[PDB]
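**Student:** Before we start, here is the structure in question, set down as structure tokens.
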Amino acid sequence: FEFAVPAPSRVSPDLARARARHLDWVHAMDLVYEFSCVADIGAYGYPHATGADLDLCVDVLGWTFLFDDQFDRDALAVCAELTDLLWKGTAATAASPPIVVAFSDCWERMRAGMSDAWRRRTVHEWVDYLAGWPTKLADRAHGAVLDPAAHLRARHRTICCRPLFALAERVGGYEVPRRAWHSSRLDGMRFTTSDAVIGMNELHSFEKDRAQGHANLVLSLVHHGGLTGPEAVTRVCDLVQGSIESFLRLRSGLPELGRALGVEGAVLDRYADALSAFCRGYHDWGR
Amino acid sequence: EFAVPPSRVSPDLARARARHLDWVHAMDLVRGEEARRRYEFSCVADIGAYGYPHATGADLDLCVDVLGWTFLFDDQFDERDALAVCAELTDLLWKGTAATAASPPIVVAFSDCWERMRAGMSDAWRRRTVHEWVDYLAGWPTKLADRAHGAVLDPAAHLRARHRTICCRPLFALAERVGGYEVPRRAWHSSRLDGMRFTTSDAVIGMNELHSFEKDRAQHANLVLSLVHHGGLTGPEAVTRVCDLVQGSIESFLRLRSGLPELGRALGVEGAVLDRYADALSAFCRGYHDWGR
């Protein structure tokens, strides 16, 4: 499939070095993959990042995929240790498992140079992402087919888009002002971008999940909506296109948002560009 | 009137009401004969006895205190001081601290409630309840930003923000605390029980939006106003839409409830605790409905 994401196709020119470094990093962290090409996503989602900034993007994205593998009692203990690490400002110890040590390695770089306000809202977003994995284990043990709305609510946590939007600020060199970042206008752009990425992800892994018995949005629409296979696919496609259209309507109101809140328009367009670039990056990599 | 799945009220409400009025006085939240009279006329305290009809004594006192606190917390936003309170409460919850001598009365009062609310509960329960309290706090910077922005939110965006400020999920945790049980971990995180929490929240929001319609219009965002502005509907049409949301939420809640026996078998969970949890969610929705009238 191909959608009209409002951003040109781009890739970072420093992808060769970053990929090679990252494979040494997962080895040094005792985490391991290289053949899945999941590492390259960092260079597609942040096409202007180079050097250490790109390394952080590749490290964080690679970690999420390896964190997901932990679920495919020990994983629940990691969720609790990571939560306390973030809430209480701790760092990994000598008894921490490799997945926790690796995350602390990322978080120390990610939080450096950022304000307390930015750290506060990013910590909350990291913990809300962690909250979705106990749900994954419970639903798998239950064995029931989630209804479409319940599948999307759970996936909005595990997709990990909001922590990665905060990362765009960190590597871009700016912070969206507080009064503007919390507005429903910008939160709607984060939500619509997440819907699009989820829709794309559900269409890419459809055949694999159906053959392995895993959950998928398309299968939930067939089971609960009475739709056929072809109908459920078109339904998910409409979600991606509608989310893109909704994102574009929200963006057209940023000049008035800046005037109302007294915020420089430049930073607002830079933030909107980052969200669009991430969605486009995931689209191209997935294809 | 909606078909919420019986009307009940706690029999110890008389004593609880009198104690609570002294409590808000001691916490320095409501002082003065005039402010106390206006507060006593709103009956917002009594909700604790409607939402938890089986609570008595100290348990009921905690329910009345917490619910009264949320309304008093809401009043301060109707700016820079309010954002500082949200940050202090967040650190208090994340870092396990307690109020100091420089903390404002609204912070001292919350710590007073939280110490009682967390007593006797496991670390796992405290961890997921802390996150829900902080997600509730996260909705108030959005409220102030939207008011300064001045734009009319679309219906879906209004509901996402209200699911934070309505404060239903922290109050569902409170039902466990006063009920004397913790839903086992493997069942509490399931999408089935999370869907029952979500559908119950939708119903409470829908009822709340119709109660505060005139107040929000005379001052703020409201679900009915968003439906008129973005959907092109008229007032009467938008209201029928909100009623359909409440009725549909209850119907979905009832379909999920009938699957709790199978959830218990699959996960090996005692059915009694699951049905008791479902009763608490249903009772809270019924309580707010009856109190609103």
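By Swiss-Prot numbering, chain A shows 4-35, 44-83, 90-304, in order.
So how was this one determined? The header says X-ray crystallography, 2.4 Å.
Using the three backbone atoms N, Cα and C, a Cβ is placed for every residue, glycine included.
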**Student:** Pick from A:11-15, A:79-83, A:170-174: which stretch is listed in Swiss-Prot under motif 'DDXXD motif'?
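**Tutor:** Spelled out, Swiss-Prot records motif 'DDXXD motif' over residues A:79-83, not the other listed ranges.
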**Student:** Same chain, outside the motif 'DDXXD motif' (A:79-83) by at least 6, Cβ under 8 Å from its Cβ: which residues?
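**Tutor:** Here the qualifying positions are 91-92, 95, 116, 150, 153-154, 175.
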**Student:** Taking the Cβ of A:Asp79 (Mg(2+) 2 binding site) as the centre, how many other Cβ atoms fall within a 10 Å radius?
**Tutor:** 14
**Student:** May I have the list of same-chain residues other than A:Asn218, A:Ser222, A:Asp226 whose Cβ is within 8 Å of the Cβ centroid of the recorded Mg(2+) 3 site, in sequence order?
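**Tutor:** Filtered neighbour residues, in order: A:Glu219, A:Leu220, A:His221, A:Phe223, A:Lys225, A:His231, A:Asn233.
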**Student:** Taking DSSP as the reference, which of helix, strand or coil describes A:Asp79 (Mg(2+) 2 binding site)?
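**Tutor:** DSSP call for A:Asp79 (Mg(2+) 2 binding site): helix.
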**Student:** Do me a favour and check the Cα-Cα span between A:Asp226 (Mg(2+) 3 binding site) and A:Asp79 (Mg(2+) 2 binding site); whole Å is fine.
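**Tutor:** Rounded to a whole number, the Cα-Cα distance is 15 Å.
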**Student:** Distance between A:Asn218 (Mg(2+) 3 binding site) and A:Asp79 (Mg(2+) 2 binding site) at the Cα atoms, whole Å?
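**Tutor:** Each residue's Cα considered, A:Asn218 (Mg(2+) 3 binding site) and A:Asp79 (Mg(2+) 2 binding site) end up 15 Å apart.
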**Student:** Looking at the ends of the gap, A:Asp83 and A:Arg90, with 6 residues missing, what is their Cα separation in Å?
**Tutor:** 13
